[PDB]
Structures are given as structure tokens and as C-alpha cells.
């Protein structure tokens, strides 16, 4: 029910800290802090695509819910990941040596994304385009 809906970043807290903990370099991180990306989840048959788009790059990652897969991280590692759905909450869990949780809650015609890495909690709100 959130499939095909596009949201653009409106509010952000602690993303710089999240990227810093994740190991993103100074320039990329500062560039990343200023962008206002869009997010859209689409579905084709059995396969979902989570597409995050900035003016610089589109990360379009395709996956089957509840099937472990290898995903690239912002700091350039390749780590086991799995994405699951529970109502209106899409959850991504990454293993490896910088484990993260990303919870994407599609409510009230918006998207609330909560990222966890170490003791860092980042909240990013995207409003409907």
C-alpha cells in the first residue's frame, strides 16, 4: 500500500552521526548531509525494489522479502542483509562488523525512517512528493 509512493526528505536528525559511525569519509558525509533524496518502494512479481535517489546517484536495490542477500554499505563493504515486512513497517537488518537496523514506517502519507548503528539513533522524515 506504500508501493509506488514517492517521498522526499523533509527533516533529519543525527544522519551526520550515523554516517560518521558507519565510516563514511568527511567530504561524502558533508555532501550527504545536504542532499534531499527521494525514496520509493516498488514491486514486480516476487521482487521488491527500494530506490533512493539523489542528484548524484540512484541506489536501487532489489530483494525478496525474508530472503538474505548481500548488500553494499555506504562505506563500501559487502554485508549480509535481510528485509522484512510487518504491517506498515519495512525493516532492514544488516550483519557484518558495523551492524545496523533501518526501519521504514509508511504512515499518515509520510515515511519515517529510523536508523540504528551503535549508540546512534537517526530519524529521517520524508514527505510525499
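Numbering follows the first chain given and starts at 1.
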(message) Using only C-alpha atoms and the B-factors in the entry, which stretch averages higher, 23 to 31 or 52 to 60?
(response) 23 to 31
(request) Would you mind comparing 90 to 98 and 71 to 79 for me and telling me which has the higher average C-alpha temperature factor in the entry? (result) 71 to 79
(message) Highest Cα temperature factor in the entry, among the options 113, 12, 107, 116: which one is it?
(response) 107
(message) Can you tell me whether residue 122 has a C-alpha B-factor in the lowest, middle or highest third compared with the other modelled residues of the same chain?
(response) lowest
(request) Can you work out whether the C-alpha temperature factor of residue 37 puts it in the lowest, middle or highest third of the chain? (result) lowest
